[PDB]
Amino acid sequence: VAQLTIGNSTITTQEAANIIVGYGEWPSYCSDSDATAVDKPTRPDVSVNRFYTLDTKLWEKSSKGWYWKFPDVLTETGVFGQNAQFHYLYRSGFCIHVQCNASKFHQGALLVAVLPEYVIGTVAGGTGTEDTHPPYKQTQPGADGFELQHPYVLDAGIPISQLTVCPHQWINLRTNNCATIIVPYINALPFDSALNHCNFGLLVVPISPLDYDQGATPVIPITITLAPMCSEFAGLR
Amino acid sequence: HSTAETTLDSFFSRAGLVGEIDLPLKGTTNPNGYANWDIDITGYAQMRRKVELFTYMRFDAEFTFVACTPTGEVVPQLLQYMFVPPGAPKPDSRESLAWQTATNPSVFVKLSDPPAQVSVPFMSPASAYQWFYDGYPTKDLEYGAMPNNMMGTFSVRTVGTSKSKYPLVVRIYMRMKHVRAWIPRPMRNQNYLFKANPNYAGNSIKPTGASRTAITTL
Amino acid sequence: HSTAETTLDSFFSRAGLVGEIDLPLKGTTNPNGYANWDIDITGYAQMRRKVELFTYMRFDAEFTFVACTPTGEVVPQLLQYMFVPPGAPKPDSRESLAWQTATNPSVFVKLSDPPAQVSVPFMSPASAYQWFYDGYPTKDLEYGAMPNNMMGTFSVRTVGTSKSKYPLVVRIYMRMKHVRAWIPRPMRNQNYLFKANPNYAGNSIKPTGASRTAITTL
Amino acid sequence: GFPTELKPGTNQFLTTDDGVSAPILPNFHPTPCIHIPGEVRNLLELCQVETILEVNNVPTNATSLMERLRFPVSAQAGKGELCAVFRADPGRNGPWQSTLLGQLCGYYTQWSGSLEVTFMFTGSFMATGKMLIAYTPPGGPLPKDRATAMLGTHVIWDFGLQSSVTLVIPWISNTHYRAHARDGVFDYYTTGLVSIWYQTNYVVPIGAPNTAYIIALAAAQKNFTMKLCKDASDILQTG
Amino acid sequence: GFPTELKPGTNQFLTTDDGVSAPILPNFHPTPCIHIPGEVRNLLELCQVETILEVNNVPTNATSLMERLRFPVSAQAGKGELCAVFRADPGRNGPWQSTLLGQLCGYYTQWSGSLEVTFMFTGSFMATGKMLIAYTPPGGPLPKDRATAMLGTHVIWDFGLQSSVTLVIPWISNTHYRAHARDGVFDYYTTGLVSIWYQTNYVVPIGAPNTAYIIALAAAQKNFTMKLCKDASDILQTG
Amino acid sequence: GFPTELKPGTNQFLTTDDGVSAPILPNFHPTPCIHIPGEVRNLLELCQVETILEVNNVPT
């Protein structure tokens with residue numbers, strides 16, 4: 001154990017489990033000879049790159065899974081939700097940290113992964129003959145996230161039994177509680193609208209159902225603390 | 001000991017049929033002896049699920065054109081295959097000046113002349129054609145619409161002022177060359193419902209694969 | 001990072017259709033089964049305003065010939081395309097000895113044989129074809145007439161003593177190669193009225209571009 | 001002879017294939033290329049030349065057309081008033097169509113680079129005052145007034161000190177693809193915005209006209225580029 | 001000119017011939033390839049990634065589908081009882097179809113290499129016991145019990161000490177040709193067998209669930225290979 | 001393009017002409033040639049082997 005601090009944000013965590021650096025690349029910056037060398041893209045250091053600790057979702061036996069969209073989860077929150085809106089372009093990285101606080105008497109397993117361009121396909125009316133486009137609350141669920149309804153196909157017609165092909169890490173309750181991931185900016189472009197485009201999405205599904213005998217706390221507070229890495233903006237409004 | 005067959009370029013080459021144009025004499029189908037085919041690589045059934053293994057790709061595509069009559073017969077007819085790059089305007093009529101715009105490459109070949117064949121490049125303005133888009137182009141009917149993936153349009157037509165004398169059928173094959181790909185993702189296990197979205201059939205949600213009776217009986 | 005698309009040669013290549021010849025059987029149009037087409041590069045609509053961006057240019061031109069019947073059909077007919085350099089005499093009849101003058105290059109090709117294709121050079125005696133001339137060749141009807149810009153004449157005809165058995169249509173494309181240009185000038189903003197002069201319509205004088213309500217409402 | 005196998009593509013005539021063809025006149029020696037002044041090599045040379053921006057692209061009456069070329073400023077404008085406004089849209093209609101740059105853009109499909117608009121005060125020499133010319137980057141909405149415009153990229157121009165002032169438009173990119181009507185057009189969406197406000201009123205002593213005009217010239221920086229030729233025109237050769 | 005003789009094959013259009021063809025746009029400079037994270041070059045990269053093996057591929061009821069992903073172990077199983085069983089058949093139907101490996105195998109006709117199945121005990125942390133996971137090579141019949149399985153390649157897994165255990169499947173080869181129905185399919189016959197027995201019962205103290213689930217992930221070693229592309233799929237693009 | 005003149009023989013299919021033809025499967029890597037005992041290279045090898053001569057070729 002030992003506590004780390006980035007500004008006014010002080011979280012208490014374990015020494016250093018095994019972190020997952022998505023695709024082996026580190027969220028670096030974008031050099032001078034890029035497409036906008038005129039409007040120098042200011043790189044937020046001060047408070048912009050600090051610890052955001054979201055409304056802890058509660059695990060249950062019946063939980064299906066949860067997902068947040070990026071950078072959507074923060075374009076609402078704090079002084080980064082200040083730059084994400086009143087700025088024209090954006091490129092960022094993310095130190096995501098997911099923790100569970102449960103006793104050695106609860107059991108379960110959470111798969112935690114990041115998926116680029118996570119396009120939510122709805123059910124489509126049922127029989128398949130309705131071309132319904134997911135609402136805006138499902139496409140960009142804010143920092144409250146959203147519950148998958150069809151975890152097996154990840155609400156996008158794809159087997160989750162294969163999601164491990166993305167950066168992921170496991171949260172087996174009998175072995176670990178904390179799970180950490182480092183995401184590098186990923187897109188077909190060097191910069192992009194931080195409001196109209198969610199580069200990726202954080203997925204955390206219960207693969208082995210939460211269980212416990214009667215008496216043990218029925219819910220497991222999953223705390224998601226995350227912070228921007230070598231994030232960049234350009235063109236104030 | 002060799003593993004070259006499993007490379008991306010290997011996996012993806014081969015000309016596959018992605019399009020077929022009917023130019024009947026008597027018809028409800030393409031009545032003006034001409035046709036417009038915005039280039040879709042999903043035309044080869046198999047293809048949609050294959051490419052959707054990745055999020056970003058890049059490539060050139062060699063197109064070959066096979067034309068004849070329905071009985072698969074050859075005839076003394078000339079043809080104009082025209083390519084209207086994205087941005088350029090498609091011909092609205094069998095005499096639209098779009099047929100004459102020099103900036104719309106056109107290749108003329110007699111049906112007898114073996115298949116015409118041309119290479120088209122990586123059009124996209126983005127650094128890569130990307131299959132998925134988690135946003136909207138600056139509940140909306142524009143979700144998942146990655147625009148900058150337009151390869152162009154192929155306008156086909158019999159040459160000449162008058163209607164062609166024969167019933168014609170053009171087939172467009174396409175070999176994908178120089179393929180590079182990024183960000184891999186879960187193989188589509190659910191049936192496809194529309195060309196644009198991953199929308200699946202929430203009723204008919206099927207297990208990825210075959211099932212059995214007990215986890216002890218093989 | 002590259003800027004090769006905006007070079008003159010790039011801007012101007014591409015074979016564009018600059019001419020079409022009709023040699024009907026029954027007709028008022030070219031009744032003698034032959035035709036004369038003094039080479040005009042304004043045949044491609046777009047072209048006139050493009051070149052008129054400059055005052056002086058220079059180039060070679062590769063011509064390609066596409067011939068068939070009106071339905072765009074191919075036939076077993078032979079053809080004589082003849083080029084009468086400037087100065088030489090054009091054929092006045094389907095039997096003018098001009099057809100036989102060796103100094104008038106001629107290329108014979110069967111309709112079936114793919115398009116015939118030849119390169120013609122920078123004819124002009126002046127150091128450059130010049131689009132504008134502020135004078136008269138040694139109120140006059142000869143103003144702006146730069147003479148030394150003649151590229152030649154293309155005489156087309158069915159081969160043989162007798163009328164051809166079929167209705168024919170020749171199309172002349174033209175790629176401009178090795179283009180060099182000087183003295184740039186204001187893009188034509190007014191509609192063209194005649195092939196020879198900049199004469200515009202003094203009544204219908206239009207603002208260069210779209211207009212709006214106030215210089216404060218976008 | 002020597003063994004061959006003709007491959008598909010044989011006999012096709014590509015309007016773009018740029019191979020070589022047989023010379024019609026093999027002996028002919030074309031008259032020599034002499035030296036002519038001002039030779040243009042790449043069109044982007046012309047895109048860097050200043051041409052009058054018809055900002056005042058409103059009068060259409062035949063003999064007022066010479067006015068779209070220059071807008072005016074006068075004593076009658078109170079401090080803070082909006083003098084004019086237009087977008088950073090070289091291709092799309094309006095003011096930019098008059099500039100040579102805009103006109104070239106029409107033979108190309110995609111493009112991007114920094115622009116540069118220079119203003120010229122052609123009023124009496126005895127006049128003074130200040131203007132606030134602000135640029136509201138793509139996405140940013142026209143500032144409500146002179147004050148809010150004063151918080152974003154702006155320039156106070158004292159046509160009392162300098163007769164000319166040049167503003168650089170950092171970046172504009174016409175690359176986002178739109179398939180609207182049925183005709184797929186490559187349009188901006190990067191409509192930057194240039195607003196112009198009366199920072200102060202127009203101060204002129206007795207004996208000097210209470211109205212001056214300003215000419216706005218435009219050109220594209222050297223970082224400009226164009227892609228994909230697209231011959232298009234309303235004015236073609238007539239019959 | 002130069003003497004030639006066209007050889008047979010002239011004018012044929014081979015869907016596989018990979019020659020070159022004339023470029024439609026000769027001047028066009030396609031927008032530059034920038035750096036994108038995670039580039040895949042050869043598909044075998046993906047075959048070495050672990051994906052959940054639906055060993056419990058039995059529940060089909062729409063909202064139980066999330067169960068094929070993990071089988072369970074409980075107090076109620078006597079020592080020696082068979083917990084589960086499946087074959088080393090990446091291509092053929094069943095459990096392997098859920099693994100990404102299995103899914104790729106479908107675009108290829110022949111293949112061979114060592115596999116690797118890892119098990120994960122996701123029960124209470126207070127649980128202990130032992131499992132006997134045995135592999136009965138191709139040809140060998142499923143061991144009658146826990147004892148006979150204990151004589152062949154096996155592993156006693158004390159999910160009391162280690163939460164995870166990985167087993168290597170030495171070799172599997174889908175190359176023996178079968179012309180059954182009328183449709184000639186290249187099938188295994190190398191159905192290796194993985195059996196799992198309760199070496200001891202599931203011991204858990206009071207206050208801990210009497211049922212834990214186990215997840216089984218699978219991937220192919222680096223000695224894996226594939227041959228002969230065979231596009232095949234039940235899911236194709238719809239009209 | 002480049003000037004040619006097709007010579008007689010063009011388009012003929014000689015059952016004996018041994019030129020090369022386009023591969024049907026360009027990517028395919030055929031399974032490796034391993035070592036097998038007794039490889040025959042030229043038939044005359046077999047002509048030097050003794051075989052029983054049916055001199056008494058009379059009983060049928």
# chains A, B, ... in the order shown; residues from 1 in each chain; ligands from 1
call {"tool": "residues_around", "arguments": {"residues": "residue F:25", "least_positions_apart": "4", "cutoff": "12 Å", "atoms": "only C-alpha atoms", "output": "VMD selection string"}}
result
(chain B and resid 5 10 13 to 14) or (chain E and resid 14 to 18 227 to 229) or (chain F and resid 21 29 to 30)
call {"tool": "residues_around", "arguments": {"residues": "stretch 91-105 of chain B", "least_positions_apart": "2", "cutoff": "6 Å", "atoms": "only C-alpha atoms", "output": "PDB file with C-alpha atoms, in the first residue's frame"}}
result
ATOM      1  CA  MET B  82     -16.724   6.021 -65.969  1.00  0.00           C
ATOM      2  CA  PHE B  83     -15.381   6.691 -62.515  1.00  0.00           C
ATOM      3  CA  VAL B  84     -16.725   9.732 -60.723  1.00  0.00           C
TER       4      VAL B  84
ATOM      5  CA  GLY C  16     -11.092  15.236 -73.049  1.00  0.00           C
TER       6      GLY C  16
ATOM      7  CA  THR D  15      -8.776   8.919 -70.722  1.00  0.00           C
ATOM      8  CA  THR D  16      -6.204   9.179 -67.943  1.00  0.00           C
ATOM      9  CA  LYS D 230     -12.777  18.602 -60.680  1.00  0.00           C
ATOM     10  CA  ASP D 231     -13.494  20.526 -63.901  1.00  0.00           C
TER      11      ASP D 231
END
call {"tool": "atom_distance", "arguments": {"atom1": "atom CA of residue C:1", "atom2": "atom CA of residue A:34"}}
result
10.2 Å
call {"tool": "select_by_dssp", "arguments": {"residues": "stretch 26-121 of chain E", "states": "strand (DSSP E or B)", "output": "ChimeraX atom specification"}}
result
/E:39-40,42,51-52,70-74,82-87,108-121
call {"tool": "write_last_selection", "arguments": {"atoms": "C-alpha atoms", "output": "PDB file, in the first residue's frame"}}
result
ATOM      1  CA  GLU E  39      -1.379  -2.701 -36.106  1.00  0.00           C
ATOM      2  CA  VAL E  40      -2.039  -6.314 -37.019  1.00  0.00           C
ATOM      3  CA  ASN E  42      -0.327 -11.603 -39.677  1.00  0.00           C
ATOM      4  CA  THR E  51     -10.593 -15.902 -25.626  1.00  0.00           C
ATOM      5  CA  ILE E  52     -13.218 -17.492 -23.390  1.00  0.00           C
ATOM      6  CA  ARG E  70     -18.259 -20.412 -17.282  1.00  0.00           C
ATOM      7  CA  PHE E  71     -18.916 -23.801 -15.794  1.00  0.00           C
ATOM      8  CA  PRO E  72     -19.261 -24.435 -12.059  1.00  0.00           C
ATOM      9  CA  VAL E  73     -17.852 -26.617  -9.245  1.00  0.00           C
ATOM     10  CA  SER E  74     -19.649 -27.229  -5.954  1.00  0.00           C
ATOM     11  CA  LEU E  82     -16.388 -35.918 -13.593  1.00  0.00           C
ATOM     12  CA  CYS E  83     -16.747 -32.162 -13.552  1.00  0.00           C
ATOM     13  CA  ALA E  84     -16.468 -31.543 -17.295  1.00  0.00           C
ATOM     14  CA  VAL E  85     -15.019 -32.698 -20.632  1.00  0.00           C
ATOM     15  CA  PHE E  86     -14.313 -31.469 -24.173  1.00  0.00           C
ATOM     16  CA  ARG E  87     -12.045 -32.132 -27.121  1.00  0.00           C
ATOM     17  CA  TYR E 108      -8.728 -21.859 -43.499  1.00  0.00           C
ATOM     18  CA  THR E 109      -8.758 -25.476 -44.661  1.00  0.00           C
ATOM     19  CA  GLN E 110      -5.747 -27.167 -42.951  1.00  0.00           C
ATOM     20  CA  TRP E 111      -3.865 -26.388 -39.738  1.00  0.00           C
ATOM     21  CA  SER E 112      -1.758 -27.683 -36.851  1.00  0.00           C
ATOM     22  CA  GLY E 113       0.064 -26.590 -33.722  1.00  0.00           C
ATOM     23  CA  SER E 114       0.078 -26.763 -29.910  1.00  0.00           C
ATOM     24  CA  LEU E 115      -2.873 -25.300 -28.020  1.00  0.00           C
ATOM     25  CA  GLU E 116      -3.054 -23.840 -24.530  1.00  0.00           C
ATOM     26  CA  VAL E 117      -6.082 -23.826 -22.215  1.00  0.00           C
ATOM     27  CA  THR E 118      -5.964 -21.856 -19.019  1.00  0.00           C
ATOM     28  CA  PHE E 119      -8.399 -22.232 -16.175  1.00  0.00           C
ATOM     29  CA  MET E 120      -9.577 -19.620 -13.735  1.00  0.00           C
ATOM     30  CA  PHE E 121     -11.111 -20.265 -10.347  1.00  0.00           C
TER      31      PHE E 121
END
call {"tool": "residues_around", "arguments": {"residues": "stretch 37-50 of chain A", "least_positions_apart": "5", "cutoff": "8 Å", "atoms": "only C-alpha atoms", "output": "list in words"}}
result
residues 6, 7, 8, 9, 32, 79, 80, 227, 228, 229, 230, 231, 232, 233, 234 and 235 of chain A; 170 and 171 of chain D
call {"tool": "write_last_selection", "arguments": {"atoms": "C-alpha atoms", "output": "mmCIF file, in the first residue's frame"}}
result
data_model
loop_
_atom_site.group_PDB
_atom_site.id
_atom_site.type_symbol
_atom_site.label_atom_id
_atom_site.label_comp_id
_atom_site.auth_asym_id
_atom_site.auth_seq_id
_atom_site.Cartn_x
_atom_site.Cartn_y
_atom_site.Cartn_z
ATOM 1 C CA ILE A 6 -1.792 14.598 -8.792
ATOM 2 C CA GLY A 7 -2.749 18.110 -7.727
ATOM 3 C CA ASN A 8 -5.601 18.334 -5.193
ATOM 4 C CA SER A 9 -6.684 14.709 -5.929
ATOM 5 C CA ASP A 32 5.305 20.477 -34.098
ATOM 6 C CA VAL A 79 -12.098 21.592 -15.739
ATOM 7 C CA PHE A 80 -11.543 19.021 -18.492
ATOM 8 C CA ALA A 227 -6.996 10.639 -15.303
ATOM 9 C CA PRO A 228 -5.944 12.229 -18.670
ATOM 10 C CA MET A 229 -2.461 11.621 -20.028
ATOM 11 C CA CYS A 230 -0.544 13.898 -22.364
ATOM 12 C CA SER A 231 -3.911 15.359 -23.410
ATOM 13 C CA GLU A 232 -3.998 18.147 -26.056
ATOM 14 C CA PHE A 233 -6.524 20.789 -27.217
ATOM 15 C CA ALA A 234 -6.727 23.440 -30.048
ATOM 16 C CA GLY A 235 -8.996 26.376 -31.123
ATOM 17 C CA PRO D 170 -4.777 30.063 -38.979
ATOM 18 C CA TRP D 171 -6.586 27.226 -40.692
#
call {"tool": "residues_around", "arguments": {"residues": "stretch 52-69 of chain A", "least_positions_apart": "5", "cutoff": "8 Å", "atoms": "only C-alpha atoms", "output": "PyMOL selection string"}}
result
chain A and resi 9+118+139-151+198+200-206+209-211+218-227
call {"tool": "closest_residue", "arguments": {"among": "B:63, B:146, B:195, B:29", "to": "residue B:134", "atoms": "only C-alpha atoms"}}
result
B:146
call {"tool": "atom_distance", "arguments": {"atom1": "atom CA of residue A:156", "atom2": "atom CA of residue A:131"}}
result
13.9 Å
call {"tool": "atom_distance", "arguments": {"atom1": "atom CA of residue D:65", "atom2": "atom CA of residue D:234"}}
result
19.4 Å
call {"tool": "closest_residue", "arguments": {"among": "D:219, D:151, D:226, D:142", "to": "residue D:174", "atoms": "only C-alpha atoms"}}
result
D:226
call {"tool": "closest_atom_pairs", "arguments": {"of": "chain E", "to": "chain F", "cutoff": "6 Å", "atoms": "only C-alpha atoms", "output": "JSON lines"}}
result
{"residue": "E:1", "atom": "CA", "partner": "F:4", "partner_atom": "CA", "distance": 4.5}
{"residue": "E:2", "atom": "CA", "partner": "F:4", "partner_atom": "CA", "distance": 4.4}
{"residue": "E:3", "atom": "CA", "partner": "F:5", "partner_atom": "CA", "distance": 5.2}
{"residue": "E:4", "atom": "CA", "partner": "F:6", "partner_atom": "CA", "distance": 4.7}
{"residue": "E:5", "atom": "CA", "partner": "F:10", "partner_atom": "CA", "distance": 4.1}
{"residue": "E:6", "atom": "CA", "partner": "F:10", "partner_atom": "CA", "distance": 4.6}
{"residue": "E:7", "atom": "CA", "partner": "F:11", "partner_atom": "CA", "distance": 5.5}
